[PDB]
Student: 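First, the structure itself, so that you have it in front of you.
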Amino acid sequence: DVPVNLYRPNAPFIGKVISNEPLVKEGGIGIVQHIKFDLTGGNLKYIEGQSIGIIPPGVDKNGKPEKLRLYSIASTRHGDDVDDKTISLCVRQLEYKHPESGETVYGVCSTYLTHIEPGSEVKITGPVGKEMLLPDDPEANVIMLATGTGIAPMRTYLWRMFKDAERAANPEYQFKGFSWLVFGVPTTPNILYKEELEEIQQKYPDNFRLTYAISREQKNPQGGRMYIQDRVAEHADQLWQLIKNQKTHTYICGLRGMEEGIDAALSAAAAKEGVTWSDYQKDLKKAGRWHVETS
Ligand SMILES: Cc1cc2nc3c(=O)[nH]c(=O)nc-3n(C[C@H](O)[C@H](O)[C@H](O)COP(=O)(O)OP(=O)(O)OC[C@H]3O[C@@H](n4cnc5c(N)ncnc54)[C@H](O)[C@@H]3O)c2cc1C
């Protein structure tokens, strides 16, 4: 019943950009844009936790057409306007100074996307992925560990769980469990979707907990900059206690090099009860309750 590959690279769906808005506020590091595309005219359907491909125009340095780049869907299946007519992405402009000598490098697809104008036609493929799907059980617990744009799939979950319009549109899913997002970014201006995330926590204090790891504004107990692995270590016992529930699911996105720190913290917590985390975790993965998507 899960939609998959309704459109492929050889015959992509040609969508139209509706809006391209900045998510990084003044004083933040980098550029991250929220881009919404019109899906009318096609049959692209999708669910929370999936991704779509974007095929940028142009050729690479070898003269070959550019290939698709995958992006985690940032909107629920109904789209940001809950009209089942759009899809949104959370795109960071990739930019890095080339080693040994000044000159900055700009990622092809991400720069194309972050600077795209409303009305422009875009080649879209997908949806893709069955690794980050949300359980249908409204009483499940959901732990979300994310950094930067890794917030994308989490937004799809949280919006479906807590937006008034979503709850009205999803009679079959009235979330009543507990969800906890631990979000790591460099600055407060970099907290993507800050206002809406905090709105949700204020409205659902018993169903949603929000924890930040802001590196340029906070220090861990050792004096270093605060990162997501530090927050997990800080709340290791609480997280492990939740993970023990047969209905708890954990989602990780964007922790390229944080996963090891995460496991170290949970391992120490589980060890107190004579449990080897690495083994317990392997079983969670097999059971489909430990979801990971890092790149
Ligand atoms: C499943 C999945 C989901 C994703 N979701 C998102 C998302 O939601 N938001 C998002 O912004 N991106 C996401 N990405 C990443 C995205 O697919 C692209 O890889 C990213 O946007 C950069 O592509 P680009 O075309 O702009 O850069 P490209 O032109 O393809 O260049 C990228 C290349 O530059 C090089 N490079 C990058 N950084 C450095 C560095 N610091 N030092 C030296 N070389 C470097 C590497 O060789 C890398 O392959 C996701 C990826 C996957 C696989």
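Numbers for residues simply follow the sequence, beginning at 1. Each ligand, and each atom within it, is numbered from 1 in the order the structure gives.
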Student: Distance from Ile228 atom CD1 to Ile252 atom CD1, nearest 0.5 Å?
Tutor: 8.0 Å
Student: Among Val32, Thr111, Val24, which one satisfies side-chain contact (heavy atoms from CB on, under 4.5 Å) with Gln93?
Tutor: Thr111
Student: Which protein non-hydrogen atom lies closest to atom 8 (O) of ligand 1, naming both residue and atom, and how far is it?
Tutor: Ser72 N, 3.3 Å
Student: For the backbone of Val292 and the side chain of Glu131, can you confirm whether one donor and one acceptor N or O come within less than 3.5 Å of each other?
Tutor: yes
Student: May I ask you to identify, for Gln93, whether its side chain, its backbone, both or neither come under 4.0 Å of ligand 1 on a heavy-atom basis?
Tutor: neither
Student: Any chance you could measure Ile87, atom CD1, to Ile52, atom CD1, to the nearest 0.5 Å?
Tutor: 4.0 Å
Student: Answer yes or no: are there more than 12 heavy-atom neighbours, outside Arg167 itself, under 6.0 Å from its atom CZ?
Tutor: yes
Student: In terms of residue, atom name and distance, what is the protein heavy atom nearest to atom 26 (O) of ligand 1?
Tutor: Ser110 OG, 2.6 Å
Student: More than 12 heavy atoms of other residues, nucleotides or ligands under 6.0 Å from CG of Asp60: yes or no?
Tutor: yes
Student: Does the protein place a non-hydrogen atom closer than 4.0 angstrom to atom 48 (C) of ligand 1?
Tutor: no
Student: Quick one: closest heavy-atom pair of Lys247 and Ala140, and the distance?
Tutor: O-CB, 3.2 Å
Student: Identify whether the distance between the nearest side-chain nitrogen and carboxylate oxygen of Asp80 and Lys36 falls below 4.0 Å.
Tutor: no
Student: Which residue and non-hydrogen atom of the protein lie closest to atom 4 (C) of ligand 1, and at what distance in Å?
Tutor: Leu70 O, 3.3 Å
Student: Does the N or O separation between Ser295 and ligand 1 drop below 3.5 Å for any pair?
Tutor: no
Student: Any nitrogen or oxygen of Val108, side chain or backbone, less than 3.5 Å from one on ligand 1?
Tutor: yes
Student: Below 4.0 angstrom from a heavy atom of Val91, which ligand 1 atoms are there? Numbered from 1 as shown, please.
Tutor: 11 (O)
Student: How far is atom 27 (O) of ligand 1 from its nearest protein heavy atom, and which residue and atom is that?
Tutor: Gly107 CA, 3.3 Å
Student: Determine the interplanar angle of the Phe13 and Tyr7 rings, folded into 0 to 90°, and report it as parallel if under 30°, tilted if 30 to 60°, perpendicular if over 60°.
Tutor: tilted
Student: Does the side chain of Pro127 come within less than 4.5 Å of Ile47's, by heavy atoms?
Tutor: no
Student: Are any of the N or O atoms of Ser51 closer than 3.5 Å to those of ligand 1?
Tutor: no
Student: With respect to atom 25 (O) of ligand 1, which of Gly53, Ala74, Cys109 exhibits the smallest heavy-atom separation?
Tutor: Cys109
Student: What residue and heavy atom of the protein are closest to atom 42 (N) of ligand 1, and at what distance?
Tutor: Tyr96 CD1, 3.9 Å
Student: Would you mind checking which non-hydrogen protein atom is closest to atom 23 (O) of ligand 1, with the distance to 0.1 Å?
Tutor: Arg69 CG, 3.9 Å
Student: Specify the protein heavy atom at minimum distance from atom 32 (C) of ligand 1: its residue, its atom name, and the distance to 0.1 Å.
Tutor: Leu94 CD2, 3.5 Å
Student: How far is atom 11 (O) of ligand 1 from its nearest protein heavy atom, and which residue and atom is that?
Tutor: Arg92 N, 3.0 Å
Student: Can an N or O of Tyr71 be found at a distance shorter than 3.5 Å from an N or O of ligand 1?
Tutor: yes
Student: Tell me, which pairs form a salt bridge (charged side-chain N to carboxylate O under 4.0 Å, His left out) where one or both residues lie in residues 15-24, sequence neighbours left out?
Tutor: none
Student: Report yes if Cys90 has an N/O atom closer than 3.5 Å to an N/O atom of ligand 1; otherwise report no.
Tutor: yes
Student: Atoms of ligand 1 less than 4.0 Å from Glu293 heavy atoms?
Tutor: 1 (C), 3 (C)
